[PDB]
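Asks: Structure for the following, please:
(chains A, B, C and D, ligands or ions: 2)
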Amino acid sequence: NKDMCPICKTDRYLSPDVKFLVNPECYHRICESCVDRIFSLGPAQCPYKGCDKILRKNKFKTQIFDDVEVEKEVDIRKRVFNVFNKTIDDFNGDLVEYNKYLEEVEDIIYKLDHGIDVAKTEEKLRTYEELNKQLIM
Amino acid sequence: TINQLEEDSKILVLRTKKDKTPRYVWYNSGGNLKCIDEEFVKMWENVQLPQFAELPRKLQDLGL
Amino acid sequence: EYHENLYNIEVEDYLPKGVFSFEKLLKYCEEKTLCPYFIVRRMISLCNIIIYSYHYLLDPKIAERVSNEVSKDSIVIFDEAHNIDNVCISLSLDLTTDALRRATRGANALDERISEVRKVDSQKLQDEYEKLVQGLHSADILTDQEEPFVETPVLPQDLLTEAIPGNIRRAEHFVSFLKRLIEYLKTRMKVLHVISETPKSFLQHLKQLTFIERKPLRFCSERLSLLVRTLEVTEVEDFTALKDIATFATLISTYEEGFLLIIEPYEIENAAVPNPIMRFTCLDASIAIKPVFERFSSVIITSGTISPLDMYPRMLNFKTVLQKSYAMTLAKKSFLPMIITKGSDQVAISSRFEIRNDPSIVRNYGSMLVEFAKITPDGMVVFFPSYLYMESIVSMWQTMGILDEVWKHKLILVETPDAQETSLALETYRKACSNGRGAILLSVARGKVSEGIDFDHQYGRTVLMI
Amino acid sequence: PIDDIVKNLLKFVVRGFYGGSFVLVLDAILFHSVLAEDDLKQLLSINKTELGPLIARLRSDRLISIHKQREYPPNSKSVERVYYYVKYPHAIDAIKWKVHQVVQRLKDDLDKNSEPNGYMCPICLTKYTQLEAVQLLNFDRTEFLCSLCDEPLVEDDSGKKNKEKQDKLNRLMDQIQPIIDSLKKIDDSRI
Ligand SMILES: [Zn+2]
Ligand SMILES: [Zn+2]
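Replies: Numbering: from 1, shown residues only, chains lettered A, B, ... in the order given. Ligands and ions are numbered 1, 2, ... in the order given. Let me share the structure:
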């Protein structure tokens, strides 16, 4: 599974040119060969036994650090540090508050990031939707 | 008992199925594994070998 | 069990009056059951003369506990410090990706550890957050009587700051960015070619591929230090690597523009294999020198082989007073120097040509050696520019009929890379020289042999710089 | 060494997807690289049609490059033996390509797949595809006729090919823990 597509199991030995991609919907290890074939047609389920996440080839992407826990958190951070880029630490300056606001943003991020019980994260996602308004506000 | 523990568990060389299977020293892991489709094995046979060290390229040409 | 009983009696005042050399110290502390490692460690506070490796004066993570009693303005002696420069380069740091990978799991082992304990005993960790949210926590961010897990790779507990690591005050915040680190490193690991990165140049580049900030970056080590300090792990070999990351992190957080990170994608000796070396190194010795040098003007340096007396004031920029070269006074020969630029065939003999066999020289060198091996009484050593380079000479000589003839006269001892075998071999070489029948030793000038050992009359009568 | 694995791997394939007797000529001449041809024939003590077609595979796979082990005859005449000087590299080189080819008989086959796009009139027994159908379609006949047969069409390739390819996928998997893994176990040094 380390270097072969979880779908067709084409080893990097047998296809050295294999290029793995995953989707933000589910972050599935897979070769591009399936990727195109799967979504050259259009929005459908992920080709995983147990994945009925309907997803689309334009949303596809490339992992960097293979840490789907960090990367999602990175994505969560990326999602945050895109809108939660509206965080105020330098814009705040108060060393405790700049620490706190960072801690607050990170706690908001960690809530999304730690993801163990991410519904307060969904509440924070409401707050992130509120942040989508608060980064607007 | 030659083919009772078959699939190379008890391997032996059937010289013919009219000559009591006159055997040799035979023992293996899978040995026969006839479950592989003969046509696929024929297709496996159907792979023709290209030429010399260009084949070391040809496997790299073929994605090997 | 000594540091208890040592603490029982020792730590109110010293053992009576002796300057207890290891010969005296190792025994004397054994009798009263002391591991004097702590005896001196407490005695740090007492002695009026001290002696230790330059590291203990220069290695900031060990040269950290510098106290005014132990330092304030007293007299400084740097003996045989001709090679001080290379010592300052201490701040050396190369990255064994293979060890690094083990760190990743160690980081996960940490990741699991912090998560599992935060499941179980998170209050004191929150109390540690409260031990954090207060500020720098100088009470136990610095004072730990037997605890301190990670050393201070930074200068002797000076180059730090006070503003908290913002969010990272939460270890879960803190743990996360550490993974950002290694993965960034792991990301940086597999550069196709050699790449050299100045810190600042790399600095935003870090933020580029992953928006991390330098201000937390220094805080990692202490933040790590307390983190492991809170969780009493069963091993460090995983975490050595971990702290090294933090050590790296701190270092890369710390310095700039006198220091630089370079990653050769491998060791080119066996090139075209994956073994990249994310080497970040010191470049100027003087920078690490400056602090202790800054402290006291009673600073004194002398080697038996300082030459020339300019580079060190050049290289270290430091402000000397007098540098006098001492002509040894002799009413007699007392020793002999010689220079063999060419052999009997007047063929110039060299090593810069190559690491290889221009068969003229080595065949000429067999003679040179053997005739010397014949003439001298016991005790003779030779040096080689490099180990494997020497290896060539031996191997070819082994093939030639040279070696056996000298085997007739003397005994031969090679130098080994491992210290153990060497250490054994040397004493024997001493024994043969001390004993009647002659012997001979070979080693390398850059080698550990050339650095510590000494050669008297019987032990050394002739040397050779191949 | 891996050389043993090389011979080991040769045994596996010559016993995985080959019959049992295939490995007998392996071990026999694997005992000694330069071996007299009769010795294997003598110890096996079998016919020439029980040896000929087996010799075919040894050179059809080029695994046993039977070197003409010429000897110095005592009578001052021709002397030689078929000593199988194994060409370990070249033997596997085709094999890897051979393996690749059957995977092509699956990598191509992925397009022969699950959901029906084409059509066919059984009455003419002839397949058609989607674009023909819409070209053949009518406002009146919302479904397809067959200009050859004037006959409604039926989908195809839906069940069989999807079902087919998964079978070979396991057959493709059948080589995963086998040779290809051990092939990479050769790729470590590639000697
Ligand atoms: Zn695939
Ligand atoms: Zn028809």
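Asks: Okay, residue D:117 and chain A: tell me how far apart.
Replies: 10 Å (CB to the nearest CB, to the nearest Å). C-beta: built from backbone N, CA, C; applies to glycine.
Asks: So what would you say the end-to-end distance of stretch A:5-14 is?
Replies: From its first residue to its last, stretch A:5-14 covers 11 Å (CA to CA, to the nearest Å).
Asks: Do any residues in it lie close to chain C?
Replies: No. With CB under 8 Å from any CB of the partner chain as the criterion, chain C is not reached by stretch A:5-14; the gap is at least 14.3 Å.
Asks: Against residue C:451, how distant is residue C:53?
Replies: From residue C:53 over to residue C:451 the distance is 12 Å, taken as CB to CB, to the nearest Å.
Asks: Could you do residue D:24 as well?
Replies: From residue D:24 to residue C:451 the distance is 64 Å (CB to CB).
Asks: Ok, residue C:287 next?
Replies: 24 Å.
Asks: Neighbour count: those two, which is higher?
Replies: residue C:287 (16 against 10; other CB atoms under 10 Å in any protein chain shown).
Asks: Check which helices and strands the host helix or strand of the more buried one sits against.
Replies: Residue C:287 is part of helix C:285-295, with elements assigned from DSSP states H and E. Contacts defined by 3 or more CB pairs under 8 Å, 6 or more residues apart in numbering or on different chains; DSSP states H and E place helix C:285-295 against helix C:54-58, helix C:84-88, helix C:311-316.
Asks: Determine the next helix or strand in the C-terminal direction from it.
Replies: strand C:299-302.
Asks: Could I get the phi/psi values of residue 22?
Replies: Picking chain A for this. The phi/psi pair for residue A:22 (degrees, to the nearest 10) reads phi -140, psi 170.
Asks: Distance check, it against ligand 1.
Replies: 12 Å (CB to the ion, to the nearest Å).
Asks: What are the neighbouring residues in contact with that residue?
Replies: Residues in contact with residue A:22, defined by CB atoms under 8 Å, 6 or more residues apart in numbering or on different chains, are A:28-30, A:60-63, A:68.
Asks: Just the closest of those to chain D, please.
Replies: residue A:30 (13.4 Å; CB to the nearest CB).
Asks: Against chain B, how distant is the residue of chain A most remote from its centre?
Replies: The outermost residue of chain A, judged against the average C-alpha position, is residue A:94 (31.3 Å), by CA atoms, centre = their mean. Distance, residue A:94 to chain B, using CB to the nearest CB: 60 Å.
Asks: who's in contact with whichever residue of the stretch 101-250 of chain C sits closest to ligand 1?
Replies: Across the stretch 101-250 of chain C, no residue is closer to ligand 1 than residue C:190, which sits at 23.5 Å (CB to the ion). By CB under 8 Å, 6+ apart, the contact list for residue C:190 reads C:265, C:274, C:276.
Asks: my read: the last one touches residue C:192, true?
Replies: No. Residue C:276 lies out of contact with residue C:192 (CB atoms under 8 Å); the separation is 9.5 Å.
Asks: Give me the neighbour count for the residue in chain B that chain A sits nearest to.
Replies: Minimum separation of chain B from chain A (CB to the nearest CB) falls at residue B:63, amounting to 6.1 Å. The local packing of residue B:63 (other CB under 10 Å) involves 17 other residues.
Asks: From ligand 2, how far out is it?
Replies: According to CB to the ion, residue B:63 stands 40 Å off from ligand 2.
Asks: Equivalent analysis for residue A:67, please.
Replies: Applying CB to the ion to residue A:67 and ligand 2 gives a distance of 58 Å.
Asks: And the strands in the chain?
Replies: Since no chain was named, I'll use chain A. A:44-45, A:54-55 (DSSP state E).
Asks: Return the most buried member of those.
Replies: strand A:54-55 (a mean of 15; mean count of other CB atoms under 10 Å in any protein chain shown).
Asks: Residues of the stretch 1-150 of chain C that sit close to ligand 2?
Replies: Within the stretch 1-150 of chain C, no position is adjacent to ligand 2 by CB under 5 Å from the ion.
Asks: Walk me through the domains of chain D.
Replies: D:1-89, D:90-114+D:159-191, D:115-158 (curated CATH domains).
Asks: Which among the ones you listed is found nearest to ligand 2?
Replies: Of all the domains of chain D, domain D:115-158 comes closest under CB to the ion, at 2.5 Å.
Asks: how long is the closest one end to end?
Replies: Start-to-end, domain D:115-158 (CA to CA) is 5 Å.
Asks: okay, now residue 101: neighbour count?
Replies: If you meant another chain, say so; for now it's chain A. Neighbour tally, residue A:101, other CB under 10 Å: 20.
Asks: Let me rephrase: I mean chain D.
Replies: 18.
Asks: And residue D:148, by the same measure?
Replies: So residue D:148, with other CB under 10 Å, has 12 neighbours.
Asks: Confirm that it lies within a helix, as I assumed.
Replies: No. Applying DSSP: H, G, I helix; E, B strand; the rest coil, one finds residue D:148 to be coil, outside a helix.
Asks: which residue does chain A bring closest to ligand 2?
Replies: residue A:41 (28.4 Å).
Asks: Residue A:88 versus that residue, what's the distance?
Replies: From residue A:41 across to residue A:88, the span is 46 Å (CB to CB).
Asks: between residue C:276 and residue C:192, which one's more packed in?
Replies: Neighbours per residue (other CB under 10 Å) separate residue C:276 from residue C:192, with residue C:276 holding more: 21 against 7.
Asks: In contact with the more buried one, which residues?
Replies: C:95, C:97, C:189-191, C:263-266.
Asks: Could you do residue D:114 as well?
Replies: Residue D:114 touches D:158, D:161-162, counting by CB under 8 Å, 6+ apart.
Asks: Of those, which belong to helices?
Replies: Counting by DSSP state H, the part of those found in helices is D:161-162.
Asks: Now rank the contacts of residue D:114 by neighbours and give me the top one.
Replies: Counting neighbours by other CB under 10 Å, the top entry in the contacts of residue D:114 is residue D:161, with 17 neighbours.
Asks: Touching, that residue and residue D:110? I think so.
Replies: No. With contact defined as CB under 8 Å, residue D:161 does not count as touching residue D:110 (9.4 Å).
Asks: secondary structure element for residue C:103?
Replies: helix C:97-120.
Asks: and that helix, what does it pack onto?
Replies: helix C:123-133, helix C:171-189, helix C:214-229, helix C:237-254.
Asks: list the buried ones in it?
Replies: Within helix C:97-120, the residues that qualify as buried are C:97, C:100, C:102-104, C:106-111, C:113-115, C:117-118, counting by 16 or more other CB atoms under 10 Å in any protein chain shown.
Asks: so it versus helix C:123-133, what angle?
Replies: 110 degrees (axes from the mean of the first three to the mean of the last three CA atoms, to 10 degrees).
Asks: Next, the angle helix C:214-229 makes with helix C:97-120.
Replies: On the basis of the same axes, to 10 degrees, helix C:97-120 is oriented at 70 degrees to helix C:214-229.
Asks: Export only the CA atoms of helix C:97-120, formatted as PDB.
Replies: Extracted in PDB, the C-alpha atoms of helix C:97-120 (Å, rounded to 0.1, in the frame of the first residue of the first chain):
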ATOM      1  CA  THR C  97      17.700  11.600   7.500                       C
ATOM      2  CA  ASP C  98      17.700   7.900   8.600                       C
ATOM      3  CA  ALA C  99      17.900   9.000  12.200                       C
ATOM      4  CA  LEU C 100      15.500  11.800  11.300                       C
ATOM      5  CA  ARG C 101      12.900   9.300  10.100                       C
ATOM      6  CA  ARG C 102      13.200   7.500  13.400                       C
ATOM      7  CA  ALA C 103      12.600  10.900  15.000                       C
ATOM      8  CA  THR C 104       9.300  11.200  13.100                       C
ATOM      9  CA  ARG C 105       8.000   8.200  14.900                       C
ATOM     10  CA  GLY C 106       9.700   9.500  18.000                       C
ATOM     11  CA  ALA C 107       7.800  12.700  17.300                       C
ATOM     12  CA  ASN C 108       4.700  10.500  16.900                       C
ATOM     13  CA  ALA C 109       5.800   8.600  20.000                       C
ATOM     14  CA  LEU C 110       5.800  12.100  21.500                       C
ATOM     15  CA  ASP C 111       2.600  12.900  19.600                       C
ATOM     16  CA  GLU C 112       1.100   9.700  21.100                       C
ATOM     17  CA  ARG C 113       2.600  10.500  24.500                       C
ATOM     18  CA  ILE C 114       1.200  14.000  24.700                       C
ATOM     19  CA  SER C 115      -2.200  12.900  23.400                       C
ATOM     20  CA  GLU C 116      -2.500   9.900  25.700                       C
ATOM     21  CA  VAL C 117      -1.400  11.800  28.800                       C
ATOM     22  CA  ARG C 118      -3.600  14.800  27.900                       C
ATOM     23  CA  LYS C 119      -6.300  12.200  27.900                       C
ATOM     24  CA  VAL C 120      -5.200  11.000  31.400                       C
END
